[PDB]
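Per the authors' numbering, numbering through the sequence shown is continuous, rising by one, with the last residue being 105. Heads up, the beta-carbon is just placed ideally off N, CA and C, and yes, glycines get one too.
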Amino acid sequence: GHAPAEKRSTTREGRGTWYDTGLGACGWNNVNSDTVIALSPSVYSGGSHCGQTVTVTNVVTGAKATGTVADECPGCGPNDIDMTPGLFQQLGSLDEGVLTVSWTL
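#1: Reducing DSSP to helix, strand and coil, say where residue 92 ends up.
#2: Near residue 106, what residues of its chain come up, given a Cβ to Cβ distance below 7 Å and the 5 sequence neighbours on each side ignored?
#3: Look at the alpha carbon of residue 34 and the alpha carbon of residue 46, and state the distance between them as a whole number of angstroms.
#4: Answer yes or no: do residue 80 and residue 27 have a C-beta to C-beta separation smaller than 8 Å?
#5: Which same chain residues end up closer than 7 Å to residue 67 when comparing Cβ atoms and leaving out the 5 residues on each side of it in sequence?
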């Protein structure tokens, strides 16, 4: 039913990998060059993570970028997420696959 989820929006380090962006698991459809995010499943994320803006700061190089949760990363926990490759280039390099980024949600 209803659930007024009040998440403590706090900057914390986690993992952030790129995926092939085309159709988000929420009501968004974006290309690879865009800056959107795939967050841990809405079951675990209370539903209210879908459509949230998230600032991600790759701690490896200190590179800060921002992407909006449009998709749901299924096979990952609340310390590891996915994102657009275009955004992941702004965090670091595609060759890394995953990077340790400081995300706030």
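Here's the rundown:
#1: As a position in the sequence shown, residue 92 is number 92, starting the count at 1. Looking at residue 92 - three-state DSSP - the assignment turns out to be coil, as it is neither helix nor strand.
#2: In the structure as shown, the chain starts at 1 and stops at 105, and residue 106 therefore has no counterpart that could be examined.
#3: The residue given as residue 34 occupies position 34 in the sequence shown. The residue given as residue 46 occupies position 46 in the sequence shown. Distance between the alpha carbons of residue 34 and residue 46: 25 Å.
#4: Here residue 80 refers to the residue found at position 80 when the sequence shown is read from its first residue. Here residue 27 refers to the residue found at position 27 when the sequence shown is read from its first residue. In this structure, residue 27 does not lie closer than 8 Å to residue 80 by Cβ.
#5: As a position in the sequence shown, residue 67 is number 67, starting the count at 1. Excluding sequence neighbours, residue 67 sits near 35, 36, 37, 54, 56, 83, 84 and 87.
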